[PDB]
Number of protein chains: 2
Amino acid sequence: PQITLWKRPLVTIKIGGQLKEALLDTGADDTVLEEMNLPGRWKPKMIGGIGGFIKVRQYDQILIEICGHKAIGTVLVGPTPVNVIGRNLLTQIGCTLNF
Amino acid sequence: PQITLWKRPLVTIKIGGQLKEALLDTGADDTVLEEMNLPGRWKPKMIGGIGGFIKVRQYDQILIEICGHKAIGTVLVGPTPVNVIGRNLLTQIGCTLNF
Ligand SMILES: CCC(CC)CN(C[C@@H](O)[C@H](Cc1ccccc1)NC(=O)O[C@H]1CO[C@H]2OCC[C@H]21)S(=O)(=O)c1ccc2c(c1)CC[C@@H]2O
């Protein structure tokens, strides 16, 4: 799709068999989701945003479908204010900025 | 133009007679720029993201040029670690997400 930006670019995602809403965030290097249950192993990781650093659970090679487009990559899980899809997965679904 | 997301979508902007580097950020409602002593009136604001909140100064009707595209709108100035062009200005230069 072509998505204008008068509203937040929110889309439905499928991860671990569960549907969720997430923000397409070109300013995020990484994909960070709010606390949830995800199967498999994970590693403690630190990520920094506008207000400082937080602890997250890093899940590697996770299947995630974004607006009908499949991706397989790293998903960070922790106290982010909102679910964000970052560039690590935006590149997989072929997302570009255009103006 | 078309900007891929392999790397951060950094562009040159002109604001307050100065050139800066900023991210084209679809995850930011509004624009947030590094500390700069802009002239005119402002109102305090608190904005939150990963890690918590920072204090910023809200300036209204500020002229910004983004890759030669002129825009005018709200700019939040404060100790942000990165300059981000948000949707309030991305809409004005005709920026869309496409996949
Ligand atoms: C709310 C969703 C989102 C935060 C998840 C909102 N952010 C925008 C998002 O793109 C930030 C931009 C950024 C900030 C610092 C350093 C680099 C990039 N990226 C982000 O945190 O990415 C994380 C995960 O990947 C990693 O890569 C980069 C950093 C790590 S914001 O900056 O905090 C913001 C902006 C305007 C405004 C607000 C909040 C409130 C009102 C105002 O309009």
# chains A, B, ... in the order shown; residues from 1 in each chain; ligands from 1
>>> residues_near_ligand(ligand="ligand 1", cutoff="8 Å", atoms="only C-alpha atoms and all ligand atoms", output="ChimeraX atom specification")
/A:23,25-32,47-51,80-84,86 /B:23,25-32,46-50,76,80-84,86
>>> residues_around(residues="residue 43 in chain A", least_positions_apart="3", cutoff="9 Å", atoms="only C-alpha atoms", output="list in words")
residues 56, 57, 58, 59 and 60 of chain A
>>> write_last_selection(atoms="N, CA, C and O atoms", output="short mmCIF file (atom, residue, chain, number, x, y, z; two decimals), in the first residue's frame")
data_model
loop_
_atom_site.label_atom_id
_atom_site.label_comp_id
_atom_site.auth_asym_id
_atom_site.auth_seq_id
_atom_site.Cartn_x
_atom_site.Cartn_y
_atom_site.Cartn_z
N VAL A 56 15.26 -5.04 27.65
CA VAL A 56 14.34 -5.75 26.77
C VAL A 56 14.76 -7.21 26.63
O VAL A 56 15.90 -7.58 26.89
N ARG A 57 13.80 -8.03 26.22
CA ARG A 57 14.04 -9.43 25.88
C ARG A 57 14.20 -9.51 24.37
O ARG A 57 13.30 -9.13 23.62
N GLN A 58 15.37 -9.97 23.93
CA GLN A 58 15.67 -10.05 22.50
C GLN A 58 15.34 -11.44 21.98
O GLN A 58 15.94 -12.42 22.42
N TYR A 59 14.40 -11.51 21.04
CA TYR A 59 14.04 -12.74 20.36
C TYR A 59 14.55 -12.67 18.92
O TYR A 59 14.14 -11.78 18.15
N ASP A 60 15.41 -13.59 18.55
CA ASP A 60 15.99 -13.60 17.21
C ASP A 60 15.21 -14.52 16.29
O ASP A 60 14.63 -15.52 16.72
#
>>> atom_distance(atom1="CA of residue 22 in chain A", atom2="CA of residue 7 in chain B")
20.9 Å
>>> atom_distance(atom1="CA of residue 18 in chain B", atom2="CA of residue 67 in chain B")
13.7 Å
>>> residues_around(residues="residue 5 in chain A", least_positions_apart="2", cutoff="8 Å", atoms="only C-alpha atoms", output="ChimeraX atom specification")
/A:3,7-9 /B:26,87,90-91,95-96
>>> atom_distance(atom1="CA of residue 98 in chain B", atom2="CA of residue 85 in chain A")
14.3 Å
>>> closest_residue(among="B:39, B:52, B:68, B:79", to="chain A", atoms="only C-alpha atoms")
B:52
>>> calpha_fit_and_write(fixed="chain B", moving="chain A", output="short mmCIF file (atom, residue, chain, number, x, y, z; two decimals) with N, CA and C atoms, in the first residue's frame")
data_model
loop_
_atom_site.label_atom_id
_atom_site.label_comp_id
_atom_site.auth_asym_id
_atom_site.auth_seq_id
_atom_site.Cartn_x
_atom_site.Cartn_y
_atom_site.Cartn_z
N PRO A 1 12.12 12.52 -3.63
CA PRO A 1 12.94 11.32 -3.83
C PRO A 1 12.28 10.05 -3.31
N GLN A 2 12.77 8.90 -3.76
CA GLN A 2 12.46 7.61 -3.15
C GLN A 2 13.65 7.23 -2.28
N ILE A 3 13.40 6.96 -1.01
CA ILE A 3 14.46 6.72 -0.03
C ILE A 3 14.30 5.30 0.49
N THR A 4 15.28 4.46 0.21
CA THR A 4 15.33 3.13 0.79
C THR A 4 15.82 3.23 2.23
N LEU A 5 15.76 2.11 2.94
CA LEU A 5 15.94 2.11 4.39
C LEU A 5 17.08 1.20 4.85
N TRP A 6 18.00 0.85 3.95
CA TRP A 6 19.20 0.14 4.36
C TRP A 6 20.11 1.02 5.21
N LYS A 7 20.00 2.34 5.08
CA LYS A 7 20.69 3.29 5.92
C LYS A 7 19.66 4.17 6.63
N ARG A 8 20.09 4.84 7.68
CA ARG A 8 19.22 5.80 8.36
C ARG A 8 18.76 6.87 7.37
N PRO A 9 17.46 7.16 7.29
CA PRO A 9 17.00 8.22 6.38
C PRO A 9 17.33 9.62 6.85
N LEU A 10 18.61 9.97 6.78
CA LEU A 10 19.10 11.27 7.21
C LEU A 10 19.08 12.25 6.05
N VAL A 11 18.59 13.47 6.32
CA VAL A 11 18.53 14.52 5.32
C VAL A 11 18.97 15.84 5.94
N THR A 12 19.31 16.80 5.08
CA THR A 12 19.66 18.14 5.52
C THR A 12 18.41 18.99 5.66
N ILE A 13 18.34 19.76 6.74
CA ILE A 13 17.22 20.66 6.96
C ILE A 13 17.75 22.07 7.17
N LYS A 14 16.90 23.05 6.90
CA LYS A 14 17.20 24.46 7.10
C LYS A 14 16.16 25.03 8.07
N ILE A 15 16.62 25.52 9.21
CA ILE A 15 15.74 26.05 10.24
C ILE A 15 16.45 27.24 10.89
N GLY A 16 15.74 28.36 10.99
CA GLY A 16 16.34 29.56 11.54
C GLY A 16 17.54 30.07 10.78
N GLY A 17 17.67 29.70 9.50
CA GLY A 17 18.80 30.08 8.70
C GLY A 17 20.00 29.17 8.80
N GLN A 18 19.94 28.15 9.66
CA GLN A 18 21.04 27.23 9.87
C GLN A 18 20.71 25.87 9.27
N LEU A 19 21.70 25.25 8.64
CA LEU A 19 21.57 23.90 8.13
C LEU A 19 21.87 22.88 9.23
N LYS A 20 21.15 21.76 9.19
CA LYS A 20 21.33 20.69 10.15
C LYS A 20 20.98 19.37 9.48
N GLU A 21 21.36 18.27 10.12
CA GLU A 21 21.00 16.93 9.70
C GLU A 21 19.88 16.42 10.60
N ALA A 22 18.90 15.75 10.00
CA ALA A 22 17.76 15.24 10.76
C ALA A 22 17.32 13.90 10.20
N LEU A 23 16.65 13.12 11.05
CA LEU A 23 16.18 11.79 10.70
C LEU A 23 14.69 11.83 10.36
N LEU A 24 14.33 11.29 9.20
CA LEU A 24 12.93 11.15 8.83
C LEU A 24 12.37 9.97 9.62
N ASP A 25 11.45 10.26 10.55
CA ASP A 25 11.04 9.32 11.58
C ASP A 25 9.53 9.12 11.58
N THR A 26 9.05 8.11 10.85
CA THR A 26 7.60 7.93 10.74
C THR A 26 6.98 7.49 12.06
N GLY A 27 7.78 7.00 13.00
CA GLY A 27 7.30 6.66 14.31
C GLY A 27 7.22 7.79 15.30
N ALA A 28 7.58 9.01 14.88
CA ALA A 28 7.44 10.18 15.73
C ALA A 28 6.23 11.00 15.28
N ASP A 29 5.30 11.26 16.21
CA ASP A 29 4.19 12.15 15.90
C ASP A 29 4.70 13.57 15.65
N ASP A 30 5.73 13.97 16.40
CA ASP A 30 6.20 15.34 16.46
C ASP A 30 7.64 15.44 16.01
N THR A 31 8.05 16.67 15.68
CA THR A 31 9.42 16.98 15.28
C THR A 31 10.16 17.51 16.50
N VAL A 32 11.29 16.89 16.82
CA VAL A 32 12.05 17.21 18.02
C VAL A 32 13.51 17.39 17.61
N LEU A 33 14.08 18.55 17.93
CA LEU A 33 15.45 18.86 17.59
C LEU A 33 16.27 19.05 18.86
N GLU A 34 17.56 18.75 18.77
CA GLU A 34 18.48 18.96 19.89
C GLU A 34 18.58 20.44 20.23
N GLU A 35 19.08 20.71 21.43
CA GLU A 35 19.19 22.08 21.93
C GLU A 35 19.76 23.00 20.87
N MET A 36 19.11 24.15 20.68
CA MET A 36 19.55 25.14 19.71
C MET A 36 18.87 26.46 20.06
N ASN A 37 19.32 27.53 19.41
CA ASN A 37 18.72 28.85 19.54
C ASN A 37 17.70 29.07 18.43
N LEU A 38 16.48 29.43 18.80
CA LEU A 38 15.42 29.72 17.84
C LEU A 38 14.74 31.02 18.25
N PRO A 39 14.50 31.94 17.32
CA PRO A 39 13.85 33.20 17.68
C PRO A 39 12.35 33.03 17.91
N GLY A 40 11.79 33.99 18.64
CA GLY A 40 10.37 34.01 18.93
C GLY A 40 10.06 33.41 20.29
N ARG A 41 8.77 33.39 20.59
CA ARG A 41 8.30 32.87 21.86
C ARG A 41 8.20 31.34 21.81
N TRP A 42 8.11 30.73 22.99
CA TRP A 42 7.99 29.29 23.11
C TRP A 42 7.28 28.96 24.41
N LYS A 43 6.71 27.77 24.46
CA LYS A 43 5.97 27.30 25.61
C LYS A 43 6.57 26.01 26.15
N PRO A 44 6.74 25.88 27.46
CA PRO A 44 7.20 24.60 28.02
C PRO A 44 6.23 23.49 27.68
N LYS A 45 6.77 22.34 27.26
CA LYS A 45 5.95 21.20 26.89
C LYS A 45 6.64 19.92 27.34
N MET A 46 5.84 18.86 27.48
CA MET A 46 6.33 17.54 27.84
C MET A 46 6.03 16.57 26.70
N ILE A 47 7.03 15.77 26.31
CA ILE A 47 6.82 14.72 25.32
C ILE A 47 7.44 13.43 25.84
N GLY A 48 6.82 12.32 25.49
CA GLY A 48 7.28 11.01 25.93
C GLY A 48 7.78 10.16 24.78
N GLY A 49 8.87 9.43 25.03
CA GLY A 49 9.38 8.49 24.06
C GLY A 49 9.53 7.10 24.65
N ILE A 50 10.43 6.29 24.09
CA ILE A 50 10.55 4.91 24.52
C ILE A 50 11.02 4.81 25.96
N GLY A 51 11.71 5.84 26.46
CA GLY A 51 12.34 5.73 27.76
C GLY A 51 11.76 6.60 28.84
N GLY A 52 10.72 7.34 28.51
CA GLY A 52 10.08 8.22 29.46
C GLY A 52 9.76 9.56 28.84
N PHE A 53 9.62 10.57 29.69
CA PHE A 53 9.22 11.90 29.28
C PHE A 53 10.34 12.91 29.51
N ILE A 54 10.39 13.92 28.64
CA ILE A 54 11.37 14.99 28.73
C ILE A 54 10.67 16.34 28.60
N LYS A 55 11.34 17.39 29.08
CA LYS A 55 10.89 18.76 28.90
C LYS A 55 11.44 19.32 27.60
N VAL A 56 10.59 20.02 26.85
CA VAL A 56 10.99 20.61 25.58
C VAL A 56 10.45 22.03 25.46
N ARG A 57 11.07 22.80 24.58
CA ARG A 57 10.61 24.13 24.20
C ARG A 57 9.81 23.99 22.92
N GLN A 58 8.54 24.37 22.97
CA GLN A 58 7.65 24.24 21.81
C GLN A 58 7.62 25.54 21.04
N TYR A 59 8.06 25.49 19.78
CA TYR A 59 8.01 26.62 18.86
C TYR A 59 6.94 26.33 17.81
N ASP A 60 5.93 27.19 17.74
CA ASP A 60 4.84 27.00 16.79
C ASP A 60 5.08 27.79 15.52
N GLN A 61 4.58 27.25 14.41
CA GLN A 61 4.57 27.95 13.12
C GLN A 61 5.97 28.37 12.71
N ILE A 62 6.90 27.41 12.75
CA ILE A 62 8.30 27.64 12.42
C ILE A 62 8.55 27.19 10.99
N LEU A 63 9.24 28.03 10.22
CA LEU A 63 9.64 27.64 8.87
C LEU A 63 10.80 26.65 8.94
N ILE A 64 10.66 25.53 8.24
CA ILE A 64 11.70 24.52 8.16
C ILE A 64 11.65 23.88 6.78
N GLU A 65 12.79 23.85 6.10
CA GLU A 65 12.91 23.23 4.79
C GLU A 65 13.59 21.88 4.95
N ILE A 66 12.99 20.85 4.35
CA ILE A 66 13.43 19.47 4.54
C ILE A 66 13.73 18.89 3.16
N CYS A 67 15.01 18.69 2.86
CA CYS A 67 15.42 18.09 1.59
C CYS A 67 14.81 18.84 0.41
N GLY A 68 14.79 20.16 0.51
CA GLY A 68 14.28 21.01 -0.55
C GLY A 68 12.79 21.25 -0.53
N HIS A 69 12.08 20.78 0.49
CA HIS A 69 10.64 20.92 0.59
C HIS A 69 10.30 21.75 1.83
N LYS A 70 9.55 22.82 1.63
CA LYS A 70 9.26 23.75 2.71
C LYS A 70 8.11 23.25 3.58
N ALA A 71 8.23 23.49 4.88
CA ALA A 71 7.17 23.21 5.83
C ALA A 71 7.11 24.36 6.82
N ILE A 72 5.94 24.51 7.43
CA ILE A 72 5.74 25.51 8.48
C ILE A 72 4.89 24.86 9.57
N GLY A 73 5.49 24.61 10.72
CA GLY A 73 4.77 23.90 11.76
C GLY A 73 5.51 23.90 13.08
N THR A 74 5.07 23.01 13.96
CA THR A 74 5.57 22.98 15.33
C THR A 74 6.91 22.26 15.37
N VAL A 75 7.87 22.85 16.07
CA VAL A 75 9.18 22.25 16.28
C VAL A 75 9.45 22.24 17.78
N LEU A 76 9.72 21.06 18.32
CA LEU A 76 10.07 20.90 19.73
C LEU A 76 11.58 20.85 19.85
N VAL A 77 12.12 21.53 20.87
CA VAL A 77 13.57 21.63 21.06
C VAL A 77 13.90 21.17 22.47
N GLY A 78 14.77 20.17 22.59
CA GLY A 78 15.09 19.60 23.88
C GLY A 78 16.06 18.45 23.78
N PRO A 79 16.28 17.75 24.89
CA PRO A 79 17.31 16.69 24.94
C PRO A 79 16.87 15.39 24.27
N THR A 80 16.59 15.47 22.97
CA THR A 80 16.38 14.27 22.17
C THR A 80 17.73 13.69 21.76
N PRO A 81 17.83 12.36 21.67
CA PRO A 81 19.13 11.77 21.27
C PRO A 81 19.57 12.16 19.87
N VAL A 82 18.63 12.46 18.97
CA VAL A 82 18.95 12.84 17.60
C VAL A 82 17.83 13.74 17.09
N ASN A 83 18.18 14.62 16.14
CA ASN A 83 17.17 15.40 15.44
C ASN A 83 16.26 14.48 14.64
N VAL A 84 14.96 14.57 14.89
CA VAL A 84 13.98 13.76 14.18
C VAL A 84 12.92 14.67 13.56
N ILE A 85 12.57 14.38 12.32
CA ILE A 85 11.42 14.98 11.66
C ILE A 85 10.24 14.03 11.78
N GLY A 86 9.17 14.47 12.45
CA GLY A 86 8.02 13.64 12.71
C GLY A 86 6.86 13.90 11.74
N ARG A 87 5.76 13.17 11.97
CA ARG A 87 4.68 13.16 10.99
C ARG A 87 4.06 14.53 10.80
N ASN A 88 4.13 15.39 11.82
CA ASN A 88 3.52 16.72 11.68
C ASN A 88 4.13 17.48 10.51
N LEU A 89 5.40 17.21 10.20
CA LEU A 89 6.05 17.85 9.05
C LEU A 89 6.19 16.93 7.86
N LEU A 90 6.32 15.61 8.08
CA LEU A 90 6.37 14.69 6.96
C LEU A 90 5.12 14.80 6.09
N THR A 91 3.95 15.01 6.71
CA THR A 91 2.74 15.19 5.92
C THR A 91 2.82 16.45 5.07
N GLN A 92 3.47 17.50 5.58
CA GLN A 92 3.52 18.75 4.83
C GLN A 92 4.34 18.61 3.56
N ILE A 93 5.40 17.80 3.58
CA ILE A 93 6.23 17.66 2.38
C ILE A 93 5.71 16.53 1.51
N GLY A 94 4.56 15.97 1.88
CA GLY A 94 3.96 14.93 1.07
C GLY A 94 4.61 13.57 1.18
N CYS A 95 5.19 13.25 2.33
CA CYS A 95 5.91 12.00 2.50
C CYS A 95 4.94 10.87 2.82
N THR A 96 5.08 9.76 2.10
CA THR A 96 4.32 8.55 2.35
C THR A 96 5.24 7.34 2.48
N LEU A 97 4.74 6.29 3.12
CA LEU A 97 5.38 4.99 3.12
C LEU A 97 4.81 4.14 2.00
N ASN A 98 5.67 3.37 1.33
CA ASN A 98 5.26 2.59 0.17
C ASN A 98 5.98 1.25 0.18
N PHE A 99 5.23 0.18 -0.04
CA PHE A 99 5.82 -1.15 -0.22
C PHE A 99 4.85 -2.05 -0.98
#
>>> select_by_dssp(residues="chain A", states="alpha helix (DSSP H)", output="PyMOL selection string")
chain A and resi 87-90
>>> select_by_dssp(residues="chain B", states="strand (DSSP E)", output="MDAnalysis selection string")
chainID B and resid 2:3 10:15 18:24 31:33 43:49 52:66 69:77 84:85 96:98
>>> write_last_selection(atoms="N, CA and C atoms", output="short mmCIF file (atom, residue, chain, number, x, y, z; two decimals), in the first residue's frame")
data_model
loop_
_atom_site.label_atom_id
_atom_site.label_comp_id
_atom_site.auth_asym_id
_atom_site.auth_seq_id
_atom_site.Cartn_x
_atom_site.Cartn_y
_atom_site.Cartn_z
N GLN B 2 13.03 8.51 -3.58
CA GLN B 2 12.72 7.29 -2.84
C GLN B 2 13.89 6.96 -1.92
N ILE B 3 13.59 6.76 -0.64
CA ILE B 3 14.61 6.51 0.37
C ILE B 3 14.40 5.11 0.92
N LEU B 10 18.42 9.81 7.11
CA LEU B 10 18.92 11.12 7.51
C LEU B 10 18.92 12.05 6.30
N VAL B 11 18.49 13.28 6.52
CA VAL B 11 18.48 14.30 5.47
C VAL B 11 18.93 15.62 6.08
N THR B 12 19.32 16.55 5.21
CA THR B 12 19.70 17.89 5.63
C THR B 12 18.45 18.77 5.67
N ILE B 13 18.31 19.54 6.74
CA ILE B 13 17.20 20.47 6.88
C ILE B 13 17.79 21.85 7.14
N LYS B 14 17.00 22.88 6.82
CA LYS B 14 17.35 24.27 7.09
C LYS B 14 16.30 24.85 8.03
N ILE B 15 16.74 25.30 9.20
CA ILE B 15 15.84 25.86 10.20
C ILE B 15 16.57 26.95 10.97
N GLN B 18 20.02 27.79 9.99
CA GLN B 18 21.08 26.82 10.21
C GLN B 18 20.73 25.54 9.46
N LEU B 19 21.77 24.84 9.01
CA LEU B 19 21.62 23.52 8.40
C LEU B 19 21.87 22.46 9.47
N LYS B 20 21.00 21.46 9.52
CA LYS B 20 21.14 20.36 10.46
C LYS B 20 20.86 19.05 9.73
N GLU B 21 21.16 17.95 10.41
CA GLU B 21 20.82 16.61 9.93
C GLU B 21 19.70 16.06 10.79
N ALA B 22 18.67 15.49 10.15
CA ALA B 22 17.51 15.00 10.89
C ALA B 22 16.96 13.75 10.24
N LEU B 23 16.29 12.93 11.03
CA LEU B 23 15.65 11.72 10.55
C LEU B 23 14.24 12.00 10.05
N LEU B 24 13.89 11.41 8.91
CA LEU B 24 12.50 11.38 8.46
C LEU B 24 11.83 10.26 9.25
N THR B 31 7.78 17.13 15.33
CA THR B 31 9.20 17.27 15.07
C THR B 31 9.93 17.69 16.33
N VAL B 32 11.07 17.04 16.58
CA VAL B 32 11.89 17.31 17.75
C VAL B 32 13.32 17.56 17.29
N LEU B 33 13.88 18.70 17.70
CA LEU B 33 15.21 19.08 17.25
C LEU B 33 16.10 19.37 18.45
N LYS B 43 6.20 27.39 24.56
CA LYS B 43 5.53 26.85 25.74
C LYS B 43 6.17 25.53 26.14
N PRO B 44 6.34 25.28 27.43
CA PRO B 44 6.98 24.03 27.86
C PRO B 44 6.12 22.83 27.52
N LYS B 45 6.78 21.70 27.28
CA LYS B 45 6.10 20.45 26.98
C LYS B 45 6.97 19.29 27.44
N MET B 46 6.32 18.17 27.73
CA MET B 46 6.99 16.91 28.07
C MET B 46 6.58 15.88 27.03
N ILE B 47 7.56 15.21 26.43
CA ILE B 47 7.32 14.21 25.40
C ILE B 47 8.00 12.91 25.82
N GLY B 48 7.33 11.80 25.58
CA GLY B 48 7.79 10.52 26.06
C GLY B 48 8.08 9.54 24.94
N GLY B 49 9.04 8.68 25.18
CA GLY B 49 9.34 7.60 24.29
C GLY B 49 10.02 6.49 25.05
N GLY B 52 11.59 7.00 28.78
CA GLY B 52 10.93 8.01 29.58
C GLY B 52 10.68 9.31 28.84
N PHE B 53 10.63 10.42 29.57
CA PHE B 53 10.26 11.72 29.01
C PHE B 53 11.45 12.69 29.05
N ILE B 54 11.44 13.66 28.13
CA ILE B 54 12.36 14.78 28.16
C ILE B 54 11.52 16.06 28.12
N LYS B 55 12.09 17.13 28.65
CA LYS B 55 11.48 18.45 28.62
C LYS B 55 11.92 19.18 27.36
N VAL B 56 10.95 19.76 26.66
CA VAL B 56 11.22 20.46 25.41
C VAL B 56 10.47 21.79 25.39
N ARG B 57 10.89 22.66 24.48
CA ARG B 57 10.25 23.95 24.26
C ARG B 57 9.50 23.89 22.93
N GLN B 58 8.21 24.15 22.96
CA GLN B 58 7.37 24.07 21.78
C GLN B 58 7.31 25.43 21.09
N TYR B 59 7.84 25.47 19.86
CA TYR B 59 7.75 26.65 19.00
C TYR B 59 6.76 26.36 17.87
N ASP B 60 5.89 27.32 17.59
CA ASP B 60 4.85 27.16 16.59
C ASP B 60 5.16 27.98 15.34
N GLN B 61 4.67 27.50 14.20
CA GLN B 61 4.82 28.18 12.92
C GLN B 61 6.29 28.49 12.61
N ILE B 62 7.12 27.45 12.70
CA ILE B 62 8.54 27.55 12.39
C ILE B 62 8.75 27.06 10.96
N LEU B 63 9.52 27.81 10.17
CA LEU B 63 9.80 27.44 8.79
C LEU B 63 10.97 26.47 8.75
N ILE B 64 10.78 25.34 8.08
CA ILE B 64 11.83 24.35 7.88
C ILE B 64 11.82 23.94 6.42
N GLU B 65 13.01 23.77 5.85
CA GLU B 65 13.17 23.27 4.50
C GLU B 65 13.80 21.89 4.59
N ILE B 66 13.19 20.91 3.93
CA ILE B 66 13.60 19.51 4.01
C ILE B 66 13.86 19.03 2.59
N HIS B 69 12.23 21.01 0.12
CA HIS B 69 10.79 21.14 0.30
C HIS B 69 10.53 22.02 1.52
N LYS B 70 9.80 23.11 1.32
CA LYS B 70 9.52 24.03 2.41
C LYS B 70 8.32 23.54 3.21
N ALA B 71 8.36 23.75 4.52
CA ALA B 71 7.26 23.39 5.40
C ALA B 71 7.25 24.36 6.57
N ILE B 72 6.13 24.40 7.28
CA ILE B 72 5.96 25.31 8.41
C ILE B 72 5.01 24.67 9.42
N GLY B 73 5.46 24.58 10.66
CA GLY B 73 4.66 23.93 11.68
C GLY B 73 5.38 23.91 13.00
N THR B 74 4.88 23.07 13.91
CA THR B 74 5.41 23.03 15.26
C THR B 74 6.76 22.33 15.29
N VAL B 75 7.68 22.87 16.07
CA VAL B 75 8.99 22.27 16.31
C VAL B 75 9.24 22.25 17.82
N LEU B 76 9.62 21.09 18.33
CA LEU B 76 9.91 20.90 19.75
C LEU B 76 11.42 20.87 19.92
N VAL B 77 11.94 21.75 20.77
CA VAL B 77 13.38 21.91 20.95
C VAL B 77 13.76 21.46 22.36
N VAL B 84 14.53 14.58 14.75
CA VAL B 84 13.54 13.79 14.03
C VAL B 84 12.50 14.71 13.41
N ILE B 85 12.31 14.56 12.10
CA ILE B 85 11.21 15.21 11.41
C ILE B 85 9.97 14.33 11.54
N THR B 96 5.28 9.66 1.97
CA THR B 96 4.46 8.48 2.19
C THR B 96 5.34 7.27 2.46
N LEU B 97 4.77 6.27 3.11
CA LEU B 97 5.36 4.94 3.20
C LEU B 97 4.78 4.07 2.10
N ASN B 98 5.63 3.23 1.52
CA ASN B 98 5.22 2.41 0.39
C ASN B 98 5.86 1.03 0.47
#
>>> decode(residues="range 73-85 of chain B", atoms="C-alpha atoms", output="PDB file, in the first residue's frame")
ATOM      1  CA  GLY B  73       4.656  23.929  11.678  1.00  0.00           C
ATOM      2  CA  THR B  74       5.411  23.031  15.259  1.00  0.00           C
ATOM      3  CA  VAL B  75       8.987  22.271  16.310  1.00  0.00           C
ATOM      4  CA  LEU B  76       9.911  20.899  19.745  1.00  0.00           C
ATOM      5  CA  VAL B  77      13.382  21.907  20.955  1.00  0.00           C
ATOM      6  CA  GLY B  78      15.204  20.084  23.725  1.00  0.00           C
ATOM      7  CA  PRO B  79      17.951  17.633  24.715  1.00  0.00           C
ATOM      8  CA  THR B  80      16.982  14.991  22.176  1.00  0.00           C
ATOM      9  CA  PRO B  81      19.800  12.633  21.137  1.00  0.00           C
ATOM     10  CA  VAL B  82      18.610  12.811  17.503  1.00  0.00           C
ATOM     11  CA  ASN B  83      16.776  15.327  15.334  1.00  0.00           C
ATOM     12  CA  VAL B  84      13.538  13.785  14.033  1.00  0.00           C
ATOM     13  CA  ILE B  85      11.205  15.215  11.407  1.00  0.00           C
TER      14      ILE B  85
END
